[PDB]
S.K.: 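My questions all concern the structure below.
Heavy-atom basis, side chains included; hydrogens, waters and symmetry copies ignored. Every chain is numbered from 1, with letters handed out A, B, ... down the list of sequences.
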Amino acid sequence: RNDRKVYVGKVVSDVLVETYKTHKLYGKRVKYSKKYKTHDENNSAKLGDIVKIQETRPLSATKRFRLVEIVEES
Amino acid sequence: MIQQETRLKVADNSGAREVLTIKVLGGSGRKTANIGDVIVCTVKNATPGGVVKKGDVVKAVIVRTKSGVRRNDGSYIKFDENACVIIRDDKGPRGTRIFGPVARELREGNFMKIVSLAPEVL
Amino acid sequence: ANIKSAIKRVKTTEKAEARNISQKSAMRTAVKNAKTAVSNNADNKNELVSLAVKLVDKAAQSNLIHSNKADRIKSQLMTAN
Amino acid sequence: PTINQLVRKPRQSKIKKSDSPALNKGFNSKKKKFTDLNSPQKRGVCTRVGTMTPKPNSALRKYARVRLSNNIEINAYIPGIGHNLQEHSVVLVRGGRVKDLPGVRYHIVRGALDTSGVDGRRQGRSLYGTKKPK
Amino acid sequence: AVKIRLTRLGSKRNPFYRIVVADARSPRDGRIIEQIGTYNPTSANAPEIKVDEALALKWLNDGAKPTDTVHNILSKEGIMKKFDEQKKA
RNA sequence: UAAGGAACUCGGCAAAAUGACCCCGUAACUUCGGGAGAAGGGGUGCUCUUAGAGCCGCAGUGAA
RNA sequence: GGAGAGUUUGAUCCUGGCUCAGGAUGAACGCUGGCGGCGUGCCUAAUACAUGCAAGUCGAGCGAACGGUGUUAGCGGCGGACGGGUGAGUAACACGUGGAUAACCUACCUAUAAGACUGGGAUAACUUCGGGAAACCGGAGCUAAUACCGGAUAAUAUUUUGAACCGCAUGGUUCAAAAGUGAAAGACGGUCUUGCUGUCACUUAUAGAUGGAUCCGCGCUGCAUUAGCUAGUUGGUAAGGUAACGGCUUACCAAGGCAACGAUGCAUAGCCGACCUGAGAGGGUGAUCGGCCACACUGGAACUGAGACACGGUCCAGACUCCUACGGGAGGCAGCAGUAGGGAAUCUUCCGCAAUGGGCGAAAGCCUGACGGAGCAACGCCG
RNA sequence: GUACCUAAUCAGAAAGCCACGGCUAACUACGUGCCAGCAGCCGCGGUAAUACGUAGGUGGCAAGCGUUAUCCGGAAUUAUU
Ligand SMILES: [K+]
Ligand SMILES: [K+]
Ligand SMILES: [Mg+2]
Ligand SMILES: [Mg+2]
Ligand SMILES: [Mg+2]
Ligand SMILES: [Mg+2]
Ligand SMILES: [Mg+2]
Ligand SMILES: [Mg+2]
Ligand SMILES: [Mg+2]
Ligand SMILES: [Mg+2]
Ligand SMILES: [Mg+2]
Ligand SMILES: [Mg+2]
Ligand SMILES: [Mg+2]
Ligand SMILES: [Mg+2]
Ligand SMILES: [Mg+2]
Ligand SMILES: [Mg+2]
Ligand SMILES: [Mg+2]
Ligand SMILES: [Mg+2]
Ligand SMILES: [Mg+2]
Ligand SMILES: [Mg+2]
Ligand SMILES: [Mg+2]
Ligand SMILES: [Mg+2]
Ligand SMILES: [Mg+2]
Ligand SMILES: [Mg+2]
Ligand SMILES: [Mg+2]
Ligand SMILES: [Mg+2]
Ligand SMILES: [Mg+2]
Ligand SMILES: [Mg+2]
Ligand SMILES: [Mg+2]
Ligand SMILES: [Mg+2]
Ligand SMILES: [Mg+2]
Ligand SMILES: [Mg+2]
Ligand SMILES: [Mg+2]
Ligand SMILES: [Mg+2]
């Protein structure tokens, strides 16, 4: 078929997906994070859990991801 | 029925918005003026960029009044407001447009340019 | 306005708009009538639904509505039938 | 500084400034606003011609006061020996400050608009607006 | 519709043409779908036709239509004959 | 009380205007309490349903 | 593939700024000026625009009229959403790059298959009677079609019964198997048998191709002497709505959402391939050519249509300009030329559809200021 | 009737611009006398000026040559290198 983007992150409100942005001029890696509002269905996950998410069609004004699996419990 | 201190809307685009009547011209002791009469006035309110500015002392012809006028056939015409047009000595308008209806008595007054530019002459 | 074919297009647009308005109005009336008849289980609720389905399909053929909108309207009646 | 300091606060180069600021501005009359255009010359009108004394040097250096087409007032030097300028003259003004004359940052172009060429010039005439003799 | 047509290259009085597959609405020298050859009508001896025969038949079988000049070019390279023969067979 | 609206007069004296309740909204300055009811704006009747739908007048804190 | 020099002192070595030698330009100005080729030429006022031209075509869809087989106005089809201009707005999924759609639409074109049955009623033209300066508007009749509208047949499309198999959650691909429901047109020819049949045209279904839409990762200017922003806001449920997912909209419920990894506000800016410079790392620019976006006097809408919320369409509001016989009417060069204005400064109110490309047409062909050429300017490069 | 080609005639129509103290290639005379003027910088001119103006000569370019404006370089003068 085709593959949808997958991320792993920590719940910050019941997902933060911290990544690195290498500096264009100096070459140093700098940590940056982006919050991915995701769809949890039956409110299963809680704050601090490390979760896996997958990209979906728009679900609301800002939700574009579905929580597929919980990796590390809060 | 316009007298000293009567404030009038200006029905042209010359820059003046409201004027205050300084004098009714046309003889000693004249107290009131009506449609077609000429007044000396001062511009109390002006719009930006107009030729006529606030504080200027100008001459204007009355073009509509609340008192209105009576015609020889026993008919009358009355308006909802008092409005005038700033003029030069040649009785031509200082502005280039006329707003709202004006009375046909202006034609007898020989304000033909104002009559021509008016959108309605009643 | 200025161009000869633009001037003609004003007339043909007005003719099409008049026909389209009539057919849209009739189609919407039948859909509303069929919707009401379901919410009360009338004896002829089947005839009113069949009429509404007939007119919605004719509007889609006339490009008055999209086929996707006709399908969406058709289902709403038929599930409730 | 450290690499981390540079990442937090990158380098910033000094901003260069123009030696002829009156040439790099326009004026929109309709909107009554100033533009930025970088013209090589500007037209202007002479408000006051005259002379001025230099700062070691000693002379009577001829100049004019000019209102440029962008409504900016400048002092412009008149090069060459003799000129035909006076009040209300229409002049073309170019860049180039004259040392020893404080407050004069521009030059009048000889041989353009109303300014005449230098009379009797025979060497470097194109700098002084003089046609070729004979 | 989709066309097989000539886009102009070269310089003044010295035209060179690329043979391209393009949307009819695309500007003559603008966006194309795929180039399939060249055409040089001012060459010294031969008009120097350089058509990719496998590409031309794929687009012809996909509904692309040549302009009048491109039809003559494809005919001179036998592409039109192979197109007609493959359609019946 | 027409039209005008402080032209009256030493001076807007007197009069006119404002005014209740409910909800919005509120400046300089400040001793940080204020200024403040700043200013400036919206809603009020009656009937019916349970915020909507209606009804009537020039006008609904229809008077004080 | 990498050059320095002058200048602070009585003299010195440092530090440090300043200036100069190089390259470049949509240049301008001064003096000067022979030619040819190739290119380039309003950067300012998205200022206002006189005049001409920049979108038509089809009589082999149709009736009529006028002319002697032709043509005109009209109905009808297709085009006018392309091509051309401009960079005002926009700091945003606008653009670049990489992906996703199991949330999408797609005229004309191509292929395949099944069809194309049977009726009806309008109306422009036109004739006649009027009304208006005009723009134009009314009354009476008349009439055709590949115009319009009924009915029949057609299901893969919809509902329900389920089933098998599969995926990335919503789900998806088939298998059915019953119920409703949806079309169409002729023109010009051949043979003639008035039956069959050619081309083009018409309908439905399914693919392909083309074009368009939405979403997401990363990349995108200053100012913190801009620190709080948001209340459809953030999520949920339901309904409505859309091609489509979705606060897209509404109702009710909850109090979320964004931000020092710079939210928000202000200012500036169309973005990219590219272009200039530089040894490079970088710095600077977006005129010309190509891709994408946005806009069409300003603002708001919708209609037709496959596609527009439409540069040379409509409706409304506004500013401005023009005609008027004062009742009323008309217009939009940021198309090509050209004018006025502003400016230091930027061209002809040219020729042709011969070529390439586009629209319409069966074709001949018609239209095409796209385009191909010519004109003006040492503006640049080369000779 | 353009490009191009062929024949005839004539050196006859067809050279200017800036600079010359140092940076920086290229100097003398006359005039002027801190004036007039020059100037990117250093600075030049107040009676023997290679710097002002002209002339001769020379240098650099050449259908161009200079000036101004703007950007990068020189600038390691924001320095990751
Ligand atoms: K010294
Ligand atoms: K053509
Ligand atoms: Mg040939
Ligand atoms: Mg009274
Ligand atoms: Mg009264
Ligand atoms: Mg009053
Ligand atoms: Mg008084
Ligand atoms: Mg008194
Ligand atoms: Mg009192
Ligand atoms: Mg009270
Ligand atoms: Mg040329
Ligand atoms: Mg422009
Ligand atoms: Mg304009
Ligand atoms: Mg016709
Ligand atoms: Mg079709
Ligand atoms: Mg039809
Ligand atoms: Mg802008
Ligand atoms: Mg370097
Ligand atoms: Mg439509
Ligand atoms: Mg259009
Ligand atoms: Mg236009
Ligand atoms: Mg034009
Ligand atoms: Mg000018
Ligand atoms: Mg053609
Ligand atoms: Mg034409
Ligand atoms: Mg020149
Ligand atoms: Mg030397
Ligand atoms: Mg000199
Ligand atoms: Mg001497
Ligand atoms: Mg010197
Ligand atoms: Mg000298
Ligand atoms: Mg040369
Ligand atoms: Mg520099
Ligand atoms: Mg530098």
S.K.: Look at all strands and tell whether D:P79 reaches a base, only sugar-phosphate, or nothing, counting heavy atoms closer than 4.0 Å.
M.R.: sugar-phosphate

S.K.: Select base, sugar-phosphate, or nothing to describe what D:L23 touches, counting heavy atoms under 4.0 Å on all strands.
M.R.: sugar-phosphate

S.K.: Does a nitrogen or oxygen in the side chain of C:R19 sit under 4.0 Å from OP1 or OP2 of G:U304?
M.R.: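 No, outside the criterion.
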
S.K.: Please classify the nucleic acid contact of C:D71 as base, sugar-phosphate, or nothing, using heavy-atom distances under 4.0 Å.
M.R.: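 Touches sugar-phosphate only.
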
S.K.: May I ask you to say what C:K74 touches in the nucleic acid, namely base, sugar-phosphate or nothing, with a heavy-atom cut-off under 4.0 Å?
M.R.: base

S.K.: Ignoring backbone atoms, establish whether A:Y32 has a side-chain N or O less than 4.0 Å from OP1 or OP2 of G:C218.
M.R.: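 For A:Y32, the contact criterion (side-chain N or O under 4.0 Å from OP1 or OP2 of G:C218) is met.
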
S.K.: So, is C:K8 close to the G:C75 phosphate, meaning a side-chain N or O under 4.0 Å from OP1 or OP2?
M.R.: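 Yes.
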
S.K.: Has E:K3 got a side-chain N or O lying under 4.0 Å from the OP1 or OP2 atom of G:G358?
M.R.: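 For G:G358, OP1/OP2 do have a side-chain N/O of E:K3 under 4.0 Å.
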
S.K.: Less than 3.5 Å apart, any donor N or O on the side chain of D:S39 or D:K42 sitting next to an acceptor on the other?
M.R.: yes

S.K.: Starting at the 5' end of nucleotides 328-355 of chain G, put B wherever the base has a protein heavy atom under 4.0 Å, S where only the sugar-phosphate does, and a dash everywhere else.
M.R.: ----S----------SBB---------S

S.K.: Does OP1 or OP2 of G:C261 have a side-chain N or O of A:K35 closer than 4.0 Å?
M.R.: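 So the side chain of A:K35 is outside the cut-off, no N or O lying under 4.0 Å from OP1 or OP2 of G:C261.
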
S.K.: Could you check G:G240 and say if its sugar is north or south from the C1'-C2'-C3'-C4' sign?
M.R.: north

S.K.: Just N and O in the side chain of D:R122: are any of them under 4.0 Å from OP1 or OP2 of H:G53?
M.R.: no

S.K.: Any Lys/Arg nitrogen of B:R64 or B:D80 sitting under 4.0 Å from an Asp/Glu carboxylate oxygen of the other?
M.R.: no

S.K.: Hey, is the side chain of E:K65 poking within less than 4.0 Å of OP1 or OP2 on G:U110, counting only N and O atoms?
M.R.: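 It does, given that an N or O in the side chain of E:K65 lies less than 4.0 Å from OP1 or OP2 of G:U110.
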
S.K.: Examine A:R29 relative to A:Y20 and say whether NZ or CZ is less than 6.0 Å from the centre of the six-membered ring and inside a 45° cone about the ring axis.
M.R.: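 Judged by the rule (NZ or CZ under 6.0 Å from the ring centre, within 45° of its axis), A:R29 counts as positioned above A:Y20.
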
S.K.: Is the base of G:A209 stacked on the base of G:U210, in that the six-ring centres lie under 5.5 Å apart and the planes are under 30° off?
M.R.: yes

S.K.: Any side-chain N or O of C:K15 under 4.0 Å from OP1/OP2 of G:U304?
M.R.: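 Negative; the distance criterion is not met.
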
S.K.: Using a cut-off of 4.0 Å on non-hydrogen atoms, how would the nucleic acid contact of E:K58 be classed: base, sugar-phosphate, or nothing?
M.R.: nothing

S.K.: B:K66 side chain N/O closer than 4.0 Å to the phosphate oxygens (OP1, OP2) of F:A3?
M.R.: yes

S.K.: With sugar-phosphate meaning primed atoms plus P, OP1 and OP2, does C:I7 contact a base, only sugar-phosphate, or nothing at under 4.0 Å between heavy atoms?
M.R.: nothing

S.K.: Counting only side-chain nitrogens and oxygens, does E:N61 get under 4.0 Å of the OP1 or OP2 atom of G:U110?
M.R.: no

S.K.: Could you tell me whether E:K58 and E:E34 have a side-chain N and a carboxylate O separated by less than 4.0 Å?
M.R.: yes

S.K.: Determine the contact category for C:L77: base if any of its heavy atoms lies under 4.0 Å from a base atom, sugar-phosphate if only primed atoms, P, OP1 or OP2 are that close, otherwise nothing.
M.R.: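 Touches nothing.
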
S.K.: What N/O pairs connect the protein and nucleotides 241-251 of chain G at under 3.5 Å? Give each pair on its own line.
M.R.:
residue : atom : partner : partner atom : Å
G:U242  : OP1  : C:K69   : NZ           : 2.9
G:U242  : OP2  : C:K69   : NZ           : 2.9
G:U242  : OP2  : C:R72   : NH2          : 3.1
G:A243  : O3'  : C:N68   : ND2          : 3.3
G:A243  : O2'  : C:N68   : ND2          : 2.9
G:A244  : OP1  : C:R72   : NH1          : 3.0
G:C245  : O3'  : A:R57   : NH1          : 3.0
G:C245  : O2'  : A:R57   : NH1          : 3.4
G:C245  : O2'  : A:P58   : O            : 2.3
G:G246  : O2'  : A:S60   : O            : 3.2
G:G246  : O2'  : A:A61   : N            : 3.4

S.K.: Determine the contact category for C:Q61: base if any of its heavy atoms lies under 4.0 Å from a base atom, sugar-phosphate if only primed atoms, P, OP1 or OP2 are that close, otherwise nothing.
M.R.: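 Sugar-phosphate, no base atom in range.
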
S.K.: Is there a side-chain contact between B:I77 and B:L122 (heavy atoms, below 4.5 Å)?
M.R.: yes

